[PDB]
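Novice: This is the content of input13.pdb (PDB, C-alpha atoms and all ligand atoms):
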```
ATOM      1  CA  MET A   1      15.307   1.771  13.268  1.00  0.00           C
ATOM      2  CA  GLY A   2      12.173   1.333  11.108  1.00  0.00           C
ATOM      3  CA  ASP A   3      10.943  -0.353   7.908  1.00  0.00           C
ATOM      4  CA  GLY A   4      10.268   1.310   4.509  1.00  0.00           C
ATOM      5  CA  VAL A   5       7.418   3.564   5.684  1.00  0.00           C
ATOM      6  CA  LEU A   6       5.621   4.795   2.558  1.00  0.00           C
ATOM      7  CA  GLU A   7       2.258   6.490   3.104  1.00  0.00           C
ATOM      8  CA  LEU A   8       1.322   6.758  -0.594  1.00  0.00           C
ATOM      9  CA  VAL A   9      -2.090   7.879  -1.893  1.00  0.00           C
ATOM     10  CA  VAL A  10      -4.251   4.978  -3.178  1.00  0.00           C
ATOM     11  CA  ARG A  11      -7.400   5.874  -5.189  1.00  0.00           C
ATOM     12  CA  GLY A  12     -10.376   3.863  -6.473  1.00  0.00           C
ATOM     13  CA  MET A  13     -11.019   2.721  -2.851  1.00  0.00           C
ATOM     14  CA  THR A  14     -14.729   3.479  -3.231  1.00  0.00           C
ATOM     15  CA  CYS A  15     -15.868   1.812   0.057  1.00  0.00           C
ATOM     16  CA  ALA A  16     -14.852  -0.185   3.155  1.00  0.00           C
ATOM     17  CA  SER A  17     -15.135  -3.336   1.000  1.00  0.00           C
ATOM     18  CA  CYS A  18     -12.249  -1.926  -1.059  1.00  0.00           C
ATOM     19  CA  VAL A  19     -10.243  -0.704   1.956  1.00  0.00           C
ATOM     20  CA  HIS A  20     -10.204  -3.951   3.984  1.00  0.00           C
ATOM     21  CA  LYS A  21      -9.691  -6.033   0.805  1.00  0.00           C
ATOM     22  CA  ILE A  22      -6.674  -3.911  -0.203  1.00  0.00           C
ATOM     23  CA  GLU A  23      -5.399  -4.160   3.370  1.00  0.00           C
ATOM     24  CA  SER A  24      -5.875  -7.923   3.761  1.00  0.00           C
ATOM     25  CA  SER A  25      -4.532  -8.557   0.240  1.00  0.00           C
ATOM     26  CA  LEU A  26      -1.396  -6.449   0.741  1.00  0.00           C
ATOM     27  CA  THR A  27      -0.803  -8.036   4.159  1.00  0.00           C
ATOM     28  CA  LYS A  28      -0.418 -11.324   2.204  1.00  0.00           C
ATOM     29  CA  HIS A  29       3.065 -10.033   1.251  1.00  0.00           C
ATOM     30  CA  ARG A  30       5.826 -11.031   3.703  1.00  0.00           C
ATOM     31  CA  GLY A  31       7.595  -7.968   2.276  1.00  0.00           C
ATOM     32  CA  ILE A  32       5.537  -5.605   4.474  1.00  0.00           C
ATOM     33  CA  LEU A  33       5.459  -5.017   8.235  1.00  0.00           C
ATOM     34  CA  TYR A  34       2.215  -2.963   8.270  1.00  0.00           C
ATOM     35  CA  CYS A  35      -0.574  -1.567   6.060  1.00  0.00           C
ATOM     36  CA  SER A  36      -3.139   1.070   7.194  1.00  0.00           C
ATOM     37  CA  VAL A  37      -5.363   2.213   4.311  1.00  0.00           C
ATOM     38  CA  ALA A  38      -8.089   4.892   4.406  1.00  0.00           C
ATOM     39  CA  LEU A  39     -10.527   6.190   1.751  1.00  0.00           C
ATOM     40  CA  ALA A  40     -10.819   9.422   3.792  1.00  0.00           C
ATOM     41  CA  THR A  41      -7.269  10.438   2.831  1.00  0.00           C
ATOM     42  CA  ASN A  42      -7.252   7.988  -0.135  1.00  0.00           C
ATOM     43  CA  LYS A  43      -4.043   6.457   1.220  1.00  0.00           C
ATOM     44  CA  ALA A  44      -2.067   3.408   2.307  1.00  0.00           C
ATOM     45  CA  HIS A  45       0.307   3.747   5.249  1.00  0.00           C
ATOM     46  CA  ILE A  46       2.285   0.732   4.244  1.00  0.00           C
ATOM     47  CA  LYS A  47       5.544  -0.138   5.854  1.00  0.00           C
ATOM     48  CA  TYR A  48       7.089  -2.100   2.966  1.00  0.00           C
ATOM     49  CA  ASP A  49      10.118  -4.347   3.466  1.00  0.00           C
ATOM     50  CA  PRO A  50      12.957  -3.083   1.203  1.00  0.00           C
ATOM     51  CA  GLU A  51      14.778  -6.474   0.927  1.00  0.00           C
ATOM     52  CA  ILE A  52      11.738  -8.314  -0.517  1.00  0.00           C
ATOM     53  CA  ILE A  53       9.429  -5.638  -1.956  1.00  0.00           C
ATOM     54  CA  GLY A  54       9.677  -2.378  -3.870  1.00  0.00           C
ATOM     55  CA  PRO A  55       6.836   0.203  -4.131  1.00  0.00           C
ATOM     56  CA  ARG A  56       6.330  -1.069  -7.700  1.00  0.00           C
ATOM     57  CA  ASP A  57       5.149  -4.442  -6.273  1.00  0.00           C
ATOM     58  CA  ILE A  58       2.519  -2.844  -4.019  1.00  0.00           C
ATOM     59  CA  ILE A  59       1.446  -0.743  -7.023  1.00  0.00           C
ATOM     60  CA  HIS A  60       1.211  -3.912  -9.187  1.00  0.00           C
ATOM     61  CA  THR A  61      -0.963  -5.505  -6.467  1.00  0.00           C
ATOM     62  CA  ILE A  62      -3.184  -2.371  -6.140  1.00  0.00           C
ATOM     63  CA  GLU A  63      -3.564  -2.336  -9.961  1.00  0.00           C
ATOM     64  CA  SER A  64      -4.128  -6.124 -10.062  1.00  0.00           C
ATOM     65  CA  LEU A  65      -7.155  -5.562  -7.825  1.00  0.00           C
ATOM     66  CA  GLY A  66      -8.829  -2.515  -9.455  1.00  0.00           C
ATOM     67  CA  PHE A  67      -7.121   0.535  -7.914  1.00  0.00           C
ATOM     68  CA  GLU A  68      -4.491   3.246  -8.618  1.00  0.00           C
ATOM     69  CA  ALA A  69      -1.831   4.953  -6.435  1.00  0.00           C
ATOM     70  CA  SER A  70       0.740   7.794  -6.201  1.00  0.00           C
ATOM     71  CA  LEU A  71       3.498   8.572  -3.646  1.00  0.00           C
ATOM     72  CA  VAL A  72       2.542  12.013  -2.276  1.00  0.00           C
ATOM     73  CA  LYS A  73       5.812  11.950  -0.296  1.00  0.00           C
ATOM     74  CA  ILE A  74       8.115  12.168  -3.339  1.00  0.00           C
ATOM     75  CA  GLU A  75      10.999  14.075  -1.672  1.00  0.00           C
TER      76      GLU A  75
HETATM   77 CU    CU B 101     -15.438  -0.509  -2.484  1.00  0.00          CU
END
```
Spell out the structure here as structure tokens.
Specialist:
Amino acid sequence: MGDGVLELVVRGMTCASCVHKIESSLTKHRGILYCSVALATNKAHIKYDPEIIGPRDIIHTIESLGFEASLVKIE
């Protein structure tokens, strides 16, 4: 079994000070099991909990900082 694994692209992550802030901020959600962001890929390997959280929420958070995102893994 496994949680809602959703390695979406996250952009605007201009430095480590973005990356760890995004990480730490997202990890505030109980509706996640993991987040592993990287500005190399421009991504967020979140595992988002699908009872509490939808991708929209993570996006809202990302936006509510100063960042943007897109699910590369559509299909
Ligand atoms: Cu930054």
Novice: Return as a ChimeraX atom specification the residues of protein, DNA or RNA that approach ligand CU 101 (chain B) to within 8 Å, with all atoms listed in the file taken into account.
Specialist: /A:12-19
Novice: For the selection you just gave me, I'd like the residues written to a file as a PDB file, in the frame of the given file, keeping C-alpha atoms.
Specialist:
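The resulting file, result-v5.pdb, is reproduced below:
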```
ATOM      1  CA  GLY A  12     -10.376   3.863  -6.473  1.00  0.00           C
ATOM      2  CA  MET A  13     -11.019   2.721  -2.851  1.00  0.00           C
ATOM      3  CA  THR A  14     -14.729   3.479  -3.231  1.00  0.00           C
ATOM      4  CA  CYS A  15     -15.868   1.812   0.057  1.00  0.00           C
ATOM      5  CA  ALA A  16     -14.852  -0.185   3.155  1.00  0.00           C
ATOM      6  CA  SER A  17     -15.135  -3.336   1.000  1.00  0.00           C
ATOM      7  CA  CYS A  18     -12.249  -1.926  -1.059  1.00  0.00           C
ATOM      8  CA  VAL A  19     -10.243  -0.704   1.956  1.00  0.00           C
TER       9      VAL A  19
END
```
Novice: Mind listing whatever residues come within 12 Å of the point (-2.7, -0.8, -4.9)? Use all atoms listed in the file, file coordinates, and give them as a ChimeraX atom specification.
Specialist: /A:7-13,18-19,21-27,35,37,42-46,55-71
Novice: Could the residues in this selection be saved with C-alpha atoms as a compact mmCIF listing (two decimals), in the coordinates of the input?
Specialist:
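Here's the written file selection34.txt:
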```txt
# COMPACT_ATOMS: atom_id res chain seq x y z
CA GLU A 7 2.26 6.49 3.10
CA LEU A 8 1.32 6.76 -0.59
CA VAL A 9 -2.09 7.88 -1.89
CA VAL A 10 -4.25 4.98 -3.18
CA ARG A 11 -7.40 5.87 -5.19
CA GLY A 12 -10.38 3.86 -6.47
CA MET A 13 -11.02 2.72 -2.85
CA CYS A 18 -12.25 -1.93 -1.06
CA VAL A 19 -10.24 -0.70 1.96
CA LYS A 21 -9.69 -6.03 0.80
CA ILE A 22 -6.67 -3.91 -0.20
CA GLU A 23 -5.40 -4.16 3.37
CA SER A 24 -5.88 -7.92 3.76
CA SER A 25 -4.53 -8.56 0.24
CA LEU A 26 -1.40 -6.45 0.74
CA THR A 27 -0.80 -8.04 4.16
CA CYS A 35 -0.57 -1.57 6.06
CA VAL A 37 -5.36 2.21 4.31
CA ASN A 42 -7.25 7.99 -0.14
CA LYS A 43 -4.04 6.46 1.22
CA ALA A 44 -2.07 3.41 2.31
CA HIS A 45 0.31 3.75 5.25
CA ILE A 46 2.28 0.73 4.24
CA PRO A 55 6.84 0.20 -4.13
CA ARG A 56 6.33 -1.07 -7.70
CA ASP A 57 5.15 -4.44 -6.27
CA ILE A 58 2.52 -2.84 -4.02
CA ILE A 59 1.45 -0.74 -7.02
CA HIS A 60 1.21 -3.91 -9.19
CA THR A 61 -0.96 -5.50 -6.47
CA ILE A 62 -3.18 -2.37 -6.14
CA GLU A 63 -3.56 -2.34 -9.96
CA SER A 64 -4.13 -6.12 -10.06
CA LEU A 65 -7.16 -5.56 -7.82
CA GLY A 66 -8.83 -2.52 -9.46
CA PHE A 67 -7.12 0.54 -7.91
CA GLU A 68 -4.49 3.25 -8.62
CA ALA A 69 -1.83 4.95 -6.44
CA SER A 70 0.74 7.79 -6.20
CA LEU A 71 3.50 8.57 -3.65
```
Novice: Which distance in Å separates CA of residue 75 (chain A) and CA of residue 49 (chain A), to one decimal?
Specialist: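 One can read the CA of residue 75 (chain A) to CA of residue 49 (chain A) distance as 19.1 Å.
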Novice: In terms of the shortest atom-to-atom distance over all atoms listed in the file, which of A:29, A:20, A:40, A:50 is closest to residue 2 (chain A)?
Specialist: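 Result for the nearest residue to residue 2 (chain A): A:50.
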Novice: Mind checking which residues fall within 6 Å of residue 47 (chain A), counting only C-alpha atoms, ignoring those fewer than 2 positions away in the same chain, and posting them as a list in words?
Specialist: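 Surrounding residues, per the criterion: residues 3, 4, 5, 6, 32, 33 and 34 of chain A.
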